[PDB]
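Chemist: Structure supplied as entry.cif; contents: mmCIF, C-alpha atoms and all ligand atoms.
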data_model
loop_
_atom_site.group_PDB
_atom_site.id
_atom_site.type_symbol
_atom_site.label_atom_id
_atom_site.label_comp_id
_atom_site.auth_asym_id
_atom_site.auth_seq_id
_atom_site.Cartn_x
_atom_site.Cartn_y
_atom_site.Cartn_z
ATOM 1 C CA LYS A 1083 5.709 -3.415 50.233
ATOM 2 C CA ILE A 1084 3.912 -5.201 47.365
ATOM 3 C CA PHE A 1085 3.349 -8.991 47.099
ATOM 4 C CA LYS A 1086 2.179 -11.357 44.405
ATOM 5 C CA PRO A 1087 -1.275 -13.119 44.755
ATOM 6 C CA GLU A 1088 0.035 -16.737 44.785
ATOM 7 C CA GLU A 1089 2.671 -15.786 47.329
ATOM 8 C CA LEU A 1090 0.044 -14.440 49.750
ATOM 9 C CA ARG A 1091 -2.359 -17.328 49.080
ATOM 10 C CA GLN A 1092 0.346 -19.885 49.946
ATOM 11 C CA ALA A 1093 1.514 -17.916 53.008
ATOM 12 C CA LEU A 1094 -1.918 -16.921 54.373
ATOM 13 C CA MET A 1095 -4.403 -19.688 53.440
ATOM 14 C CA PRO A 1096 -3.129 -22.046 56.170
ATOM 15 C CA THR A 1097 -4.075 -19.422 58.821
ATOM 16 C CA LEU A 1098 -7.606 -19.273 57.331
ATOM 17 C CA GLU A 1099 -7.885 -23.091 57.119
ATOM 18 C CA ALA A 1100 -6.940 -23.095 60.829
ATOM 19 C CA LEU A 1101 -10.056 -21.016 61.551
ATOM 20 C CA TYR A 1102 -12.310 -23.317 59.456
ATOM 21 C CA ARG A 1103 -11.140 -26.452 61.289
ATOM 22 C CA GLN A 1104 -12.416 -25.069 64.661
ATOM 23 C CA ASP A 1105 -15.635 -26.997 65.340
ATOM 24 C CA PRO A 1106 -18.166 -25.813 66.320
ATOM 25 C CA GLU A 1107 -16.558 -22.357 66.644
ATOM 26 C CA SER A 1108 -16.116 -21.577 62.917
ATOM 27 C CA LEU A 1109 -19.806 -22.226 62.125
ATOM 28 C CA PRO A 1110 -21.122 -18.674 62.794
ATOM 29 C CA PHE A 1111 -18.440 -17.252 60.519
ATOM 30 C CA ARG A 1112 -18.636 -19.543 57.486
ATOM 31 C CA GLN A 1113 -21.120 -17.516 55.453
ATOM 32 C CA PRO A 1114 -22.199 -13.846 55.469
ATOM 33 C CA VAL A 1115 -24.575 -12.788 58.288
ATOM 34 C CA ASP A 1116 -28.153 -13.038 56.918
ATOM 35 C CA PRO A 1117 -30.298 -10.840 59.243
ATOM 36 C CA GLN A 1118 -33.709 -11.852 57.909
ATOM 37 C CA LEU A 1119 -32.921 -15.596 57.982
ATOM 38 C CA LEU A 1120 -31.346 -15.285 61.455
ATOM 39 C CA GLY A 1121 -34.151 -13.139 62.959
ATOM 40 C CA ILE A 1122 -31.827 -10.234 63.900
ATOM 41 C CA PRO A 1123 -33.351 -7.286 61.964
ATOM 42 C CA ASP A 1124 -31.203 -4.609 63.698
ATOM 43 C CA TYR A 1125 -27.898 -6.166 62.406
ATOM 44 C CA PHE A 1126 -26.969 -3.426 59.932
ATOM 45 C CA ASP A 1127 -27.915 -0.643 62.414
ATOM 46 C CA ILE A 1128 -24.923 -1.830 64.475
ATOM 47 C CA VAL A 1129 -22.580 -3.341 61.850
ATOM 48 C CA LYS A 1130 -21.609 -1.121 58.919
ATOM 49 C CA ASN A 1131 -19.111 -3.318 56.983
ATOM 50 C CA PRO A 1132 -19.948 -7.039 57.177
ATOM 51 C CA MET A 1133 -17.222 -9.683 56.796
ATOM 52 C CA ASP A 1134 -16.931 -13.448 57.034
ATOM 53 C CA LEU A 1135 -14.731 -16.397 56.218
ATOM 54 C CA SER A 1136 -16.238 -17.169 52.823
ATOM 55 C CA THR A 1137 -15.607 -13.583 51.682
ATOM 56 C CA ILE A 1138 -12.021 -13.558 53.006
ATOM 57 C CA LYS A 1139 -11.419 -16.905 51.304
ATOM 58 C CA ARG A 1140 -12.725 -15.700 47.973
ATOM 59 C CA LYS A 1141 -10.474 -12.589 48.170
ATOM 60 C CA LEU A 1142 -7.386 -14.780 48.775
ATOM 61 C CA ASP A 1143 -8.379 -17.145 45.921
ATOM 62 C CA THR A 1144 -9.054 -14.332 43.429
ATOM 63 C CA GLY A 1145 -5.902 -12.261 44.161
ATOM 64 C CA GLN A 1146 -7.651 -9.270 45.809
ATOM 65 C CA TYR A 1147 -5.036 -8.914 48.604
ATOM 66 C CA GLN A 1148 -1.767 -7.145 47.659
ATOM 67 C CA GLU A 1149 -0.221 -6.875 51.138
ATOM 68 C CA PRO A 1150 -0.658 -9.212 54.153
ATOM 69 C CA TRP A 1151 -2.195 -6.531 56.424
ATOM 70 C CA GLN A 1152 -5.202 -6.242 54.050
ATOM 71 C CA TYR A 1153 -6.028 -9.897 54.875
ATOM 72 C CA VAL A 1154 -5.332 -9.399 58.621
ATOM 73 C CA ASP A 1155 -7.630 -6.361 58.573
ATOM 74 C CA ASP A 1156 -10.520 -8.381 57.022
ATOM 75 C CA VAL A 1157 -10.018 -11.127 59.671
ATOM 76 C CA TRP A 1158 -10.183 -8.519 62.487
ATOM 77 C CA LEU A 1159 -13.117 -6.791 60.828
ATOM 78 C CA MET A 1160 -15.055 -10.092 61.037
ATOM 79 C CA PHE A 1161 -14.137 -10.541 64.743
ATOM 80 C CA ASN A 1162 -14.805 -6.893 65.689
ATOM 81 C CA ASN A 1163 -18.261 -7.062 64.064
ATOM 82 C CA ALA A 1164 -19.187 -10.197 66.134
ATOM 83 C CA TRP A 1165 -17.800 -8.753 69.383
ATOM 84 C CA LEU A 1166 -19.722 -5.512 68.744
ATOM 85 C CA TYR A 1167 -23.090 -7.049 67.860
ATOM 86 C CA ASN A 1168 -23.328 -9.982 70.229
ATOM 87 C CA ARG A 1169 -23.457 -9.883 74.073
ATOM 88 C CA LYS A 1170 -20.366 -10.956 76.088
ATOM 89 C CA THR A 1171 -22.260 -14.001 77.362
ATOM 90 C CA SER A 1172 -23.584 -15.300 73.974
ATOM 91 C CA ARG A 1173 -22.356 -18.445 72.203
ATOM 92 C CA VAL A 1174 -21.374 -16.408 69.059
ATOM 93 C CA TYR A 1175 -19.281 -13.958 71.132
ATOM 94 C CA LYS A 1176 -17.351 -16.799 72.795
ATOM 95 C CA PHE A 1177 -16.855 -18.685 69.525
ATOM 96 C CA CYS A 1178 -15.425 -15.409 68.170
ATOM 97 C CA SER A 1179 -12.889 -15.155 71.048
ATOM 98 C CA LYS A 1180 -11.881 -18.768 70.474
ATOM 99 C CA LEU A 1181 -11.227 -18.019 66.726
ATOM 100 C CA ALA A 1182 -9.340 -14.813 67.531
ATOM 101 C CA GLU A 1183 -7.033 -16.761 69.923
ATOM 102 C CA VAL A 1184 -6.409 -19.338 67.242
ATOM 103 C CA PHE A 1185 -5.771 -16.528 64.737
ATOM 104 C CA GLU A 1186 -3.260 -14.662 66.961
ATOM 105 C CA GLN A 1187 -1.117 -17.797 67.339
ATOM 106 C CA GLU A 1188 -1.282 -18.824 63.637
ATOM 107 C CA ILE A 1189 -0.726 -15.332 62.101
ATOM 108 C CA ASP A 1190 2.376 -14.082 64.003
ATOM 109 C CA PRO A 1191 4.955 -16.511 62.527
ATOM 110 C CA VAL A 1192 3.478 -16.105 59.041
ATOM 111 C CA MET A 1193 3.761 -12.290 59.333
ATOM 112 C CA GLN A 1194 7.361 -12.453 60.559
ATOM 113 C CA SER A 1195 8.298 -14.827 57.669
ATOM 114 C CA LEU A 1196 6.767 -12.394 55.111
ATOM 115 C CA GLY A 1197 8.493 -9.328 56.616
ATOM 116 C CA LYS B 1083 -61.530 -35.223 50.737
ATOM 117 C CA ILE B 1084 -60.091 -32.199 48.872
ATOM 118 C CA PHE B 1085 -58.718 -29.147 50.703
ATOM 119 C CA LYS B 1086 -58.293 -25.648 49.313
ATOM 120 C CA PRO B 1087 -54.586 -24.524 49.317
ATOM 121 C CA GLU B 1088 -55.494 -21.154 50.919
ATOM 122 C CA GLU B 1089 -57.502 -23.099 53.593
ATOM 123 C CA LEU B 1090 -54.507 -25.334 54.477
ATOM 124 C CA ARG B 1091 -52.164 -22.289 54.580
ATOM 125 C CA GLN B 1092 -54.377 -20.290 56.996
ATOM 126 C CA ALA B 1093 -54.973 -23.298 59.296
ATOM 127 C CA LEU B 1094 -51.431 -24.802 59.336
ATOM 128 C CA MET B 1095 -49.166 -21.764 58.972
ATOM 129 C CA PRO B 1096 -49.628 -20.847 62.665
ATOM 130 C CA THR B 1097 -48.183 -24.275 63.584
ATOM 131 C CA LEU B 1098 -45.058 -23.486 61.507
ATOM 132 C CA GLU B 1099 -44.731 -19.945 62.929
ATOM 133 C CA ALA B 1100 -44.633 -21.432 66.451
ATOM 134 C CA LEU B 1101 -41.552 -23.439 65.426
ATOM 135 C CA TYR B 1102 -39.903 -20.381 63.871
ATOM 136 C CA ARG B 1103 -40.598 -18.516 67.144
ATOM 137 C CA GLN B 1104 -38.256 -20.846 69.159
ATOM 138 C CA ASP B 1105 -35.239 -18.536 69.229
ATOM 139 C CA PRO B 1106 -32.083 -20.564 69.399
ATOM 140 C CA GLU B 1107 -33.915 -23.854 68.715
ATOM 141 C CA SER B 1108 -35.328 -23.167 65.234
ATOM 142 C CA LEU B 1109 -31.922 -21.960 63.905
ATOM 143 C CA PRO B 1110 -30.623 -25.352 62.652
ATOM 144 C CA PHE B 1111 -33.934 -25.834 60.717
ATOM 145 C CA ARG B 1112 -34.455 -22.481 59.011
ATOM 146 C CA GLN B 1113 -32.648 -23.363 55.789
ATOM 147 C CA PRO B 1114 -31.721 -26.656 54.060
ATOM 148 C CA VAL B 1115 -28.771 -28.587 55.470
ATOM 149 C CA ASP B 1116 -25.705 -27.485 53.441
ATOM 150 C CA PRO B 1117 -23.100 -30.344 53.776
ATOM 151 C CA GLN B 1118 -20.105 -28.638 52.135
ATOM 152 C CA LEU B 1119 -20.662 -25.403 54.056
ATOM 153 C CA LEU B 1120 -21.294 -27.198 57.377
ATOM 154 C CA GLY B 1121 -18.319 -29.553 56.899
ATOM 155 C CA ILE B 1122 -20.486 -32.737 57.125
ATOM 156 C CA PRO B 1123 -19.933 -34.364 53.742
ATOM 157 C CA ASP B 1124 -21.471 -37.752 54.762
ATOM 158 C CA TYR B 1125 -24.923 -36.114 55.434
ATOM 159 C CA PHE B 1126 -26.479 -37.543 52.277
ATOM 160 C CA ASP B 1127 -25.080 -41.071 52.930
ATOM 161 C CA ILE B 1128 -27.313 -41.039 56.020
ATOM 162 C CA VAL B 1129 -30.251 -38.728 55.164
ATOM 163 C CA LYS B 1130 -32.138 -39.753 52.068
ATOM 164 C CA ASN B 1131 -34.825 -37.009 51.881
ATOM 165 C CA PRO B 1132 -33.732 -33.624 53.363
ATOM 166 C CA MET B 1133 -36.384 -31.287 54.787
ATOM 167 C CA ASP B 1134 -36.445 -27.942 56.592
ATOM 168 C CA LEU B 1135 -38.694 -25.063 57.660
ATOM 169 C CA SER B 1136 -38.159 -22.926 54.512
ATOM 170 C CA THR B 1137 -39.115 -25.794 52.202
ATOM 171 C CA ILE B 1138 -42.211 -26.556 54.287
ATOM 172 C CA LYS B 1139 -43.012 -22.856 54.253
ATOM 173 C CA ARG B 1140 -42.622 -22.516 50.479
ATOM 174 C CA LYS B 1141 -44.789 -25.644 49.931
ATOM 175 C CA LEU B 1142 -47.582 -24.163 52.094
ATOM 176 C CA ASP B 1143 -47.305 -20.763 50.347
ATOM 177 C CA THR B 1144 -47.435 -22.199 46.819
ATOM 178 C CA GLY B 1145 -50.135 -24.879 47.383
ATOM 179 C CA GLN B 1146 -48.041 -28.058 47.113
ATOM 180 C CA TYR B 1147 -50.017 -29.883 49.846
ATOM 181 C CA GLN B 1148 -53.283 -31.587 48.841
ATOM 182 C CA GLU B 1149 -54.231 -32.683 52.382
ATOM 183 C CA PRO B 1150 -53.104 -31.818 55.971
ATOM 184 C CA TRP B 1151 -51.149 -35.055 56.645
ATOM 185 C CA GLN B 1152 -48.623 -34.279 53.883
ATOM 186 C CA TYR B 1153 -47.665 -31.105 55.813
ATOM 187 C CA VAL B 1154 -47.510 -33.063 59.074
ATOM 188 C CA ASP B 1155 -45.305 -35.715 57.417
ATOM 189 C CA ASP B 1156 -42.781 -33.106 56.164
ATOM 190 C CA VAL B 1157 -42.543 -31.708 59.686
ATOM 191 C CA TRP B 1158 -41.739 -35.198 61.092
ATOM 192 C CA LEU B 1159 -39.406 -35.914 58.161
ATOM 193 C CA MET B 1160 -37.360 -32.838 59.222
ATOM 194 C CA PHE B 1161 -37.237 -33.863 62.901
ATOM 195 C CA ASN B 1162 -36.494 -37.535 62.104
ATOM 196 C CA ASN B 1163 -33.605 -36.554 59.790
ATOM 197 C CA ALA B 1164 -32.100 -34.444 62.611
ATOM 198 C CA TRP B 1165 -32.691 -37.154 65.233
ATOM 199 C CA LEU B 1166 -31.147 -39.766 62.938
ATOM 200 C CA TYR B 1167 -28.069 -37.848 61.757
ATOM 201 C CA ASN B 1168 -26.930 -36.061 64.936
ATOM 202 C CA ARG B 1169 -25.731 -37.594 68.236
ATOM 203 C CA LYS B 1170 -28.160 -37.924 71.199
ATOM 204 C CA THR B 1171 -26.066 -35.358 73.160
ATOM 205 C CA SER B 1172 -25.578 -32.803 70.305
ATOM 206 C CA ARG B 1173 -27.063 -29.308 70.302
ATOM 207 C CA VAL B 1174 -28.980 -29.948 67.089
ATOM 208 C CA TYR B 1175 -30.519 -33.190 68.487
ATOM 209 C CA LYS B 1176 -31.785 -31.331 71.614
ATOM 210 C CA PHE B 1177 -33.071 -28.318 69.640
ATOM 211 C CA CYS B 1178 -34.987 -30.813 67.482
ATOM 212 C CA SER B 1179 -36.596 -32.222 70.671
ATOM 213 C CA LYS B 1180 -37.737 -28.790 71.858
ATOM 214 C CA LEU B 1181 -39.236 -28.060 68.401
ATOM 215 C CA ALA B 1182 -41.035 -31.406 68.228
ATOM 216 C CA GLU B 1183 -42.553 -30.781 71.697
ATOM 217 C CA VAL B 1184 -43.830 -27.402 70.506
ATOM 218 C CA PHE B 1185 -45.173 -29.077 67.352
ATOM 219 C CA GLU B 1186 -46.953 -31.926 69.265
ATOM 220 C CA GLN B 1187 -48.793 -29.351 71.364
ATOM 221 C CA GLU B 1188 -49.767 -27.043 68.457
ATOM 222 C CA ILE B 1189 -50.786 -29.629 65.824
ATOM 223 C CA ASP B 1190 -53.602 -31.545 67.680
ATOM 224 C CA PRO B 1191 -56.350 -28.888 67.678
ATOM 225 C CA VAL B 1192 -55.568 -27.705 64.100
ATOM 226 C CA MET B 1193 -55.919 -31.269 62.721
ATOM 227 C CA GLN B 1194 -59.326 -31.612 64.516
ATOM 228 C CA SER B 1195 -60.489 -28.291 63.006
ATOM 229 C CA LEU B 1196 -59.772 -29.565 59.439
ATOM 230 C CA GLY B 1197 -60.734 -33.231 60.086
HETATM 231 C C1 LIG C 1 -29.461 -15.703 66.450
HETATM 232 O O1 LIG C 1 -28.601 -14.574 66.569
HETATM 233 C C2 LIG C 1 -27.394 -14.516 65.900
HETATM 234 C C3 LIG C 1 -26.640 -13.358 66.103
HETATM 235 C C4 LIG C 1 -25.418 -13.234 65.438
HETATM 236 N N1 LIG C 1 -24.985 -14.280 64.572
HETATM 237 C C5 LIG C 1 -23.850 -14.366 63.825
HETATM 238 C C6 LIG C 1 -22.845 -13.428 63.785
HETATM 239 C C7 LIG C 1 -21.555 -13.755 63.011
HETATM 240 O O2 LIG C 1 -22.852 -12.384 64.450
HETATM 241 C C8 LIG C 1 -23.848 -15.566 63.205
HETATM 242 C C9 LIG C 1 -25.025 -16.204 63.484
HETATM 243 C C10 LIG C 1 -25.388 -17.489 63.096
HETATM 244 O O3 LIG C 1 -26.327 -18.075 63.658
HETATM 245 N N2 LIG C 1 -24.559 -18.184 62.235
HETATM 246 C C11 LIG C 1 -24.565 -19.527 61.975
HETATM 247 C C12 LIG C 1 -24.580 -20.066 60.676
HETATM 248 C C13 LIG C 1 -24.459 -21.444 60.493
HETATM 249 C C14 LIG C 1 -24.504 -22.075 59.197
HETATM 250 C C15 LIG C 1 -23.111 -22.078 58.558
HETATM 251 O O4 LIG C 1 -25.388 -21.477 58.264
HETATM 252 C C16 LIG C 1 -24.291 -22.283 61.619
HETATM 253 C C17 LIG C 1 -24.210 -21.798 62.944
HETATM 254 C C18 LIG C 1 -24.031 -22.652 64.006
HETATM 255 C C19 LIG C 1 -23.690 -22.339 65.288
HETATM 256 N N3 LIG C 1 -23.600 -23.456 66.017
HETATM 257 N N4 LIG C 1 -23.898 -24.481 65.212
HETATM 258 C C20 LIG C 1 -23.879 -25.898 65.706
HETATM 259 C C21 LIG C 1 -24.966 -26.324 66.621
HETATM 260 C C22 LIG C 1 -24.869 -26.851 65.222
HETATM 261 C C23 LIG C 1 -24.152 -23.998 63.990
HETATM 262 C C24 LIG C 1 -24.326 -20.395 63.082
HETATM 263 F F1 LIG C 1 -24.255 -19.847 64.295
HETATM 264 C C25 LIG C 1 -25.711 -15.405 64.374
HETATM 265 C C26 LIG C 1 -26.899 -15.518 65.027
HETATM 266 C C1 LIG C 2 -21.859 -28.947 62.409
HETATM 267 O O1 LIG C 2 -22.700 -30.074 62.062
HETATM 268 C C2 LIG C 2 -24.047 -29.950 61.827
HETATM 269 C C3 LIG C 2 -24.765 -31.143 61.689
HETATM 270 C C4 LIG C 2 -26.120 -31.086 61.412
HETATM 271 N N1 LIG C 2 -26.735 -29.800 61.308
HETATM 272 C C5 LIG C 2 -28.022 -29.501 61.074
HETATM 273 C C6 LIG C 2 -29.054 -30.390 60.881
HETATM 274 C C7 LIG C 2 -30.468 -29.815 60.690
HETATM 275 O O2 LIG C 2 -28.943 -31.625 60.884
HETATM 276 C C8 LIG C 2 -28.123 -28.158 61.067
HETATM 277 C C9 LIG C 2 -26.908 -27.603 61.267
HETATM 278 C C10 LIG C 2 -26.615 -26.255 61.402
HETATM 279 O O3 LIG C 2 -25.565 -25.895 61.959
HETATM 280 N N2 LIG C 2 -27.573 -25.323 61.051
HETATM 281 C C11 LIG C 2 -27.561 -23.992 61.386
HETATM 282 C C12 LIG C 2 -27.838 -22.951 60.478
HETATM 283 C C13 LIG C 2 -27.892 -21.619 60.929
HETATM 284 C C14 LIG C 2 -28.152 -20.533 60.059
HETATM 285 C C15 LIG C 2 -29.664 -20.371 59.916
HETATM 286 O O4 LIG C 2 -27.657 -20.726 58.735
HETATM 287 C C16 LIG C 2 -27.734 -21.342 62.290
HETATM 288 C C17 LIG C 2 -27.489 -22.342 63.255
HETATM 289 C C18 LIG C 2 -27.329 -22.029 64.590
HETATM 290 C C19 LIG C 2 -27.298 -22.893 65.640
HETATM 291 N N3 LIG C 2 -27.138 -22.224 66.779
HETATM 292 N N4 LIG C 2 -27.057 -20.925 66.459
HETATM 293 C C20 LIG C 2 -26.894 -19.922 67.540
HETATM 294 C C21 LIG C 2 -25.532 -19.860 68.101
HETATM 295 C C22 LIG C 2 -26.050 -18.732 67.306
HETATM 296 C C23 LIG C 2 -27.185 -20.802 65.129
HETATM 297 C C24 LIG C 2 -27.443 -23.672 62.765
HETATM 298 F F1 LIG C 2 -27.238 -24.663 63.598
HETATM 299 C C25 LIG C 2 -26.048 -28.643 61.459
HETATM 300 C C26 LIG C 2 -24.724 -28.707 61.702
#
Just dump the structure as structure tokens.
Ligand SMILES: COc1ccn2c(C(C)=O)cc(C(=O)Nc3cc([C@H](C)O)cc(-c4cnn(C5CC5)c4)c3F)c2c1
Ligand SMILES: COc1ccn2c(C(C)=O)cc(C(=O)Nc3cc([C@H](C)O)cc(-c4cnn(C5CC5)c4)c3F)c2c1
Modeler:
Amino acid sequence: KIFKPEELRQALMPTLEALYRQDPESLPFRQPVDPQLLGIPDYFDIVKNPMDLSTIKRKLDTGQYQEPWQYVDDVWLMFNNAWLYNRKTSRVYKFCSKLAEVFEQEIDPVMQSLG
Amino acid sequence: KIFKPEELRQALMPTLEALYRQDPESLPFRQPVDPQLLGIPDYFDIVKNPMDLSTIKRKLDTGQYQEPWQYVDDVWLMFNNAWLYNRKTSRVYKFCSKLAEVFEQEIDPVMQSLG
């Protein structure tokens, strides 16, 4: 099933905007992880394929998604990376769970409406 | 009194490194405040001269300080900006306070040793 870029942007962007409006929980996800700046030099030993909101947003704006599951996969990639790297008790881990909750609620209706 | 740039770097850089060493607490100060990315588009209504650890670091590394009190003033400019802009109860405000404690302790003997 193939979709047009503007169609996916209009359908999917509101679910991404919903993640951005979570404060302070979106803040760890707004730009790409920068290991040197963050003092976490082992980041890419654990995480092989980085992902973040700014990257997902660019892909939606530049027509790089053809099918809604490609977008959903990037969103889950971002969350799975943060769950993998960070300890269960850390502030980033919990912020991640909060965003994933918000995502699960926002994405389901949109996915049913697309078919 | 004229100070050699390499002399100021060697003497003062340990005081900056001590701030960087504060693990969660240095994080809001490691790069310049980015109002669009952080979702705080009034920042520059309130904060007239932004300052942060990476700017202070680059100025020490490239010899932009003529005397020790210019360094010290940038460090307070950073803390005062954060104290001013953010609420008394906010995470950033309280991280600022921990950094400025660490700075108050470290800076006394170094400023004696230069004069
Ligand atoms: C210090 O150890 C870690 C370990 C993992 N991460 C990650 C990820 C996504 O894993 C993200 C970060 C990380 O600190 N991201 C980050 C980035 C930025 C801005 C957009 O540049 C702000 C925050 C942030 C978090 N809370 N706050 C509010 C107190 C002000 C800001 C942030 F966590 C991080 C830090
Ligand atoms: C959400 O509203 C505000 C309002 C003011 N600031 C300020 C300053 C300096 O005023 C700094 C930030 C800010 O979030 N900075 C920032 C940047 C980055 C990385 C280095 O890019 C990480 C953090 C950060 C804070 N806590 N954490 C740990 C949870 C992981 C990361 C951060 F707060 C901030 C956010």
Chemist: Residues at most 6 Å from ligand LIG 2 (chain C), using all atoms listed in the file? Could they come as a PDB file with C-alpha atoms, in the frame of the given file?
Modeler:
ATOM      1  CA  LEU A1120     -31.346 -15.285  61.455  1.00  0.00           C
ATOM      2  CA  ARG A1173     -22.356 -18.445  72.203  1.00  0.00           C
ATOM      3  CA  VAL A1174     -21.374 -16.408  69.059  1.00  0.00           C
TER       4      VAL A1174
ATOM      5  CA  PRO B1106     -32.083 -20.564  69.399  1.00  0.00           C
ATOM      6  CA  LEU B1109     -31.922 -21.960  63.905  1.00  0.00           C
ATOM      7  CA  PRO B1110     -30.623 -25.352  62.652  1.00  0.00           C
ATOM      8  CA  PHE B1111     -33.934 -25.834  60.717  1.00  0.00           C
ATOM      9  CA  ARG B1112     -34.455 -22.481  59.011  1.00  0.00           C
ATOM     10  CA  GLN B1113     -32.648 -23.363  55.789  1.00  0.00           C
ATOM     11  CA  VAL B1115     -28.771 -28.587  55.470  1.00  0.00           C
ATOM     12  CA  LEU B1120     -21.294 -27.198  57.377  1.00  0.00           C
ATOM     13  CA  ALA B1164     -32.100 -34.444  62.611  1.00  0.00           C
TER      14      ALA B1164
END
Chemist: Give as an MDAnalysis selection string every residue, naming chains and numbers as the document does, that has an atom within 9 Å of (-37.0, -27.3, 65.4), counting all atoms listed in the file.
Modeler: chainID B and resid 1101:1102 1104 1107:1112 1134:1135 1160:1161 1174 1177:1182 1184:1185
Chemist: Filtering to C-alpha atoms, could you give me those residues as a tab-separated table (two decimals), in the frame of the given file?
Modeler:
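Writing done, so here's selection11.tsv:
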chain	number	residue	atom	x	y	z
B	1101	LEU	CA	-41.55	-23.44	65.43
B	1102	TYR	CA	-39.90	-20.38	63.87
B	1104	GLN	CA	-38.26	-20.85	69.16
B	1107	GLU	CA	-33.92	-23.85	68.72
B	1108	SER	CA	-35.33	-23.17	65.23
B	1109	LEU	CA	-31.92	-21.96	63.90
B	1110	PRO	CA	-30.62	-25.35	62.65
B	1111	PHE	CA	-33.93	-25.83	60.72
B	1112	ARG	CA	-34.46	-22.48	59.01
B	1134	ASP	CA	-36.44	-27.94	56.59
B	1135	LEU	CA	-38.69	-25.06	57.66
B	1160	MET	CA	-37.36	-32.84	59.22
B	1161	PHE	CA	-37.24	-33.86	62.90
B	1174	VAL	CA	-28.98	-29.95	67.09
B	1177	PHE	CA	-33.07	-28.32	69.64
B	1178	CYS	CA	-34.99	-30.81	67.48
B	1179	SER	CA	-36.60	-32.22	70.67
B	1180	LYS	CA	-37.74	-28.79	71.86
B	1181	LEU	CA	-39.24	-28.06	68.40
B	1182	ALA	CA	-41.04	-31.41	68.23
B	1184	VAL	CA	-43.83	-27.40	70.51
B	1185	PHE	CA	-45.17	-29.08	67.35
Chemist: Could you write out as a list in words the residues that the PyMOL selection byres (((chain B and resi 1188-1197) around 8) and not hetatm) matches in the shown file?
Modeler: residues 1093, 1094, 1097, 1100, 1150, 1184, 1185, 1186 and 1187 of chain B
Chemist: If we count all atoms listed in the file and set the cut-off at 8 Å, which residues sit around residue 1133 of chain B, ignoring sequence neighbours fewer than 5 positions away in its own chain? Please answer as a VMD selection string.
Modeler: chain B and resid 1114 1138 1156 to 1157 1159 to 1160 1163
Chemist: Go ahead and compute the interatomic distance for atom CA of residue 1168 of chain A and atom CA of residue 1119 of chain A, in Å to one decimal.
Modeler: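 A separation of 16.5 Å between them.
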Chemist: Could you give me, as a PDB file with C-alpha atoms, in the frame of the given file, the residues within 12 Å of residue 1143 of chain B, counting all atoms listed in the file and dropping anything in the same chain fewer than 6 positions from it?
Modeler:
ATOM      1  CA  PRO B1087     -54.586 -24.524  49.317  1.00  0.00           C
ATOM      2  CA  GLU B1088     -55.494 -21.154  50.919  1.00  0.00           C
ATOM      3  CA  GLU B1089     -57.502 -23.099  53.593  1.00  0.00           C
ATOM      4  CA  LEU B1090     -54.507 -25.334  54.477  1.00  0.00           C
ATOM      5  CA  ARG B1091     -52.164 -22.289  54.580  1.00  0.00           C
ATOM      6  CA  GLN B1092     -54.377 -20.290  56.996  1.00  0.00           C
ATOM      7  CA  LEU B1094     -51.431 -24.802  59.336  1.00  0.00           C
ATOM      8  CA  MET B1095     -49.166 -21.764  58.972  1.00  0.00           C
ATOM      9  CA  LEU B1098     -45.058 -23.486  61.507  1.00  0.00           C
ATOM     10  CA  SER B1136     -38.159 -22.926  54.512  1.00  0.00           C
ATOM     11  CA  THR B1137     -39.115 -25.794  52.202  1.00  0.00           C
ATOM     12  CA  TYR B1153     -47.665 -31.105  55.813  1.00  0.00           C
TER      13      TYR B1153
END
Chemist: How many Å lie between atom CA of residue 1148 of chain A and atom CA of residue 1130 of chain A, rounded to one decimal?
Modeler: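 Interatomic distance, atom CA of residue 1148 of chain A to atom CA of residue 1130 of chain A: 23.6 Å.
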Chemist: Using only C-alpha atoms and all ligand atoms for the distances, tell me which of A:1083, A:1172, A:1183, A:1142 is nearest to ligand LIG 1 (chain C).
Modeler: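 With only C-alpha atoms and all ligand atoms as the atom set, the closest residue is A:1172.
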Chemist: Separation of atom CA of residue 1169 of chain B and atom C4 of ligand LIG 1 (chain C), in Å?
Modeler: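 Interatomic distance here is 24.5 Å.
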Chemist: Rebuild segment 1149-1155 of chain A so that it carries N, CA and C atoms, then output the result as a PDB file, keeping the file's coordinate frame.
Modeler:
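Listing of selection_16.pdb after writing:
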ATOM      1  N   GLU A1149      -1.108  -7.066  50.012  1.00  0.00           N
ATOM      2  CA  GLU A1149      -0.221  -6.875  51.138  1.00  0.00           C
ATOM      3  C   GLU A1149      -0.880  -7.651  52.291  1.00  0.00           C
ATOM      4  N   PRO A1150      -0.082  -8.348  53.113  1.00  0.00           N
ATOM      5  CA  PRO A1150      -0.658  -9.212  54.153  1.00  0.00           C
ATOM      6  C   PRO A1150      -1.564  -8.543  55.181  1.00  0.00           C
ATOM      7  N   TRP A1151      -1.331  -7.260  55.490  1.00  0.00           N
ATOM      8  CA  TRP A1151      -2.195  -6.531  56.424  1.00  0.00           C
ATOM      9  C   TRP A1151      -3.627  -6.305  55.915  1.00  0.00           C
ATOM     10  N   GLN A1152      -3.846  -6.335  54.594  1.00  0.00           N
ATOM     11  CA  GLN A1152      -5.202  -6.242  54.050  1.00  0.00           C
ATOM     12  C   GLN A1152      -6.049  -7.459  54.468  1.00  0.00           C
ATOM     13  N   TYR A1153      -5.443  -8.640  54.381  1.00  0.00           N
ATOM     14  CA  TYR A1153      -6.028  -9.897  54.875  1.00  0.00           C
ATOM     15  C   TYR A1153      -6.274  -9.857  56.398  1.00  0.00           C
ATOM     16  N   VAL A1154      -5.237  -9.509  57.163  1.00  0.00           N
ATOM     17  CA  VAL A1154      -5.332  -9.399  58.621  1.00  0.00           C
ATOM     18  C   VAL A1154      -6.451  -8.436  59.011  1.00  0.00           C
ATOM     19  N   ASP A1155      -6.538  -7.301  58.325  1.00  0.00           N
ATOM     20  CA  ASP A1155      -7.630  -6.361  58.573  1.00  0.00           C
ATOM     21  C   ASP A1155      -9.027  -6.977  58.319  1.00  0.00           C
TER      22      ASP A1155
END
